[PDB]
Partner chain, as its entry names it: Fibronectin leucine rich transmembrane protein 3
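Presented below, as C-alpha cells, is a lone chain in the form solved without the partner chain.
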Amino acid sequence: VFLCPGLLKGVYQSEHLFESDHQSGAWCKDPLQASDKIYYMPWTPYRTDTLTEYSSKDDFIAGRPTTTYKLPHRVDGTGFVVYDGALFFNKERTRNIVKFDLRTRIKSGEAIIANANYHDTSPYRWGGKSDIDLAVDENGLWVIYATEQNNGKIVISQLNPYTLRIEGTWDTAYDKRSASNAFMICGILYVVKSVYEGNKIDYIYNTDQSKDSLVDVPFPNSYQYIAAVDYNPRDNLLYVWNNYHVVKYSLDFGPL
C-alpha cells in the first residue's frame, strides 16, 4: 500500500528523541496500524523479554508507558519489528521467529528460518546476538540473516506474516559480521558500515533481478555504536538506536 520512494541517495540527521539508559536496543512504530504508538525494546544480554508501548511521542520522551508486554520467550538482539499489530522477534538461542499478537497478548506462531546462523554466529559488528534482523518495507516483511552455506554473507528472505512461511530467498555477497546494520526499502537491501567506539551505506542488493552494487551514501554515526537501524515505509524514516541515543533520520531519494 506504500509507494516506492525511489533509490536512496541521502541520509540526514533529523530528530533526537532522548538518550536512553541502555547502550543498545530497538524502537519502532507499526506502519500498518497507523497511530501515534511507539514500541520500545532496550537490549539486556540474557534478560530481554519485555516490549514497552507508549501512546505518543510525548509520552515516549516523558517515559509514561501505556503498557508492557511480557513475552513468552526471551529475545536475541535488536532485530524486532511490530507489523500489523503483531510483534515479530528472534527467540533467544534459536533460528526461530516468534509472532506475538499484541491485542490478544498471545503467541500466534513460530517460524524456523532455514539454516540461519544464530546467537552470535553471524551478528552485526557489535555482537549482541544480532544474528537475525527483521525488516518491514513497501514489499512487506523480511528477515535479514546469514548462513554457513553462504559463508557468513547476508541472506535475505521474504516472510509471510500470515503463515510464517518463507516466500523468496536471496544470497548476497556481503559479510554480515562486517556490517553495522541493514534495512530494506522497496525490496532493496541497504547495508551500513560504521565505526565503533568510514560511516556509510556501501552495499545494496536489489531483489528484483538479484543485482547488487557497491555504493557510497554517507550515514550518520554521531555516537559510534549503532545497535539498530530500521526503516518505516509509512513515513520513509530510519528509526535508529546509537550508543544510548534514540534518534530518527530522514531520507532523500533518486528515481528507481
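Positions refer to the first chain, counted from 1.
Peer 1: Can you check if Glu197 is missing its coordinates in at least one third of the other PDB entries compared, counting only those that model the residues either side of it?
Peer 2: Result for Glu197: often missing, at least a third of the compared entries.
Peer 1: For the stretch from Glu197 to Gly198, please bin the deposited residues that the model skips: none, 1 to 3, 4 to 9, or 10 or more.
Peer 2: Per the deposited record, the segment joining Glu197 and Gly198 lacks coordinates for 4 to 9 residues.
Peer 1: With reference to the PDB entry, specify whether the mean Cα temperature factor is higher for 218 to 226 or for 51 to 59.
Peer 2: Between 51 to 59 and 218 to 226, it is 218 to 226 that shows the higher mean C-alpha B-factor.
Peer 1: State which stretch shows the higher mean Cα B factor in the entry: 67 to 75 or 177 to 185.
Peer 2: On average, C-alpha B-factors are higher across 67 to 75.
Peer 1: Using only the C-alpha B-factors in the record, can you name which of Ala86, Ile132, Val136, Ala111 has the highest?
Peer 2: That would be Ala111.
Peer 1: Out of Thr121, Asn96, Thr163, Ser157, which residue has the highest Cα temperature factor in the PDB record?
Peer 2: That would be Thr163, according to the entry.
Peer 1: If you rank every modelled residue in this chain by C-alpha B factor, which third holds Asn242: lowest, middle or highest?
Peer 2: Its C-alpha B-factor, which the entry lists for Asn242, ranks in the middle third among residues of this chain.
Peer 1: Can you tell me whether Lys91 has a C-alpha B-factor in the lowest, middle or highest third compared with the other modelled residues of the same chain?
Peer 2: Its C-alpha B-factor belongs to the lowest third of this chain's values.
Peer 1: Quick check on the deposited entry: does the C-alpha B-factor of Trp170 sit in the lowest, middle or highest third of its chain?
Peer 2: Middle third.
Peer 1: Ranking every modelled residue in this chain by its Cα temperature factor as given in the entry, which third contains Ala34?
Peer 2: Its C-alpha B-factor belongs to the highest third of this chain's values.
Peer 1: Taking only the Cα B-factors deposited for this chain, tell me whether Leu251 sits in the lowest, middle or highest third.
Peer 2: For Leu251, the deposited C-alpha B-factor lands in the lowest third.
Omitted from view is the form deposited with the partner chain bound, to which the following refers.
Peer 1: Indicate whether the partner chain has at least one heavy atom within 4.5 Å of a heavy atom of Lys107 in the bound PDB entry.
Peer 2: Because no heavy atom of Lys107 falls inside 4.5 Å of the partner chain in the bound PDB entry, the answer is no.
Peer 1: State yes or no: in the bound PDB entry, is some non-hydrogen atom of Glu138 no more than 4.5 angstroms from a non-hydrogen atom of the partner chain?
Peer 2: Answer no; every heavy atom of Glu138 is more than 4.5 Å from the partner chain in the bound PDB entry.
Peer 1: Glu148: heavy atom within 4.5 Å of the partner chain in the bound PDB entry?
Peer 2: Yes, contact at 4.5 Å.
Peer 1: Would you please decide whether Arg47 lies within 4.5 angstroms of the partner chain in the bound PDB entry, comparing each non-hydrogen atom pair?
Peer 2: Output for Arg47 is yes: heavy atoms within 4.5 Å of the partner chain.
Peer 1: To test your reading of this chain, name the stretch in 179 to 187, 80 to 88, 119 to 127, 159 to 167 whose heavy atoms come within 4.5 Å of the partner chain in the bound PDB entry.
Peer 2: Of the options given, it is 119 to 127.
Peer 1: Relative to the partner chain in the bound PDB entry, which residues of 73 to 101 have a heavy atom no more than 4.5 Å away?
Peer 2: Contacts from 73 to 101: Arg74, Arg93, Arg95.
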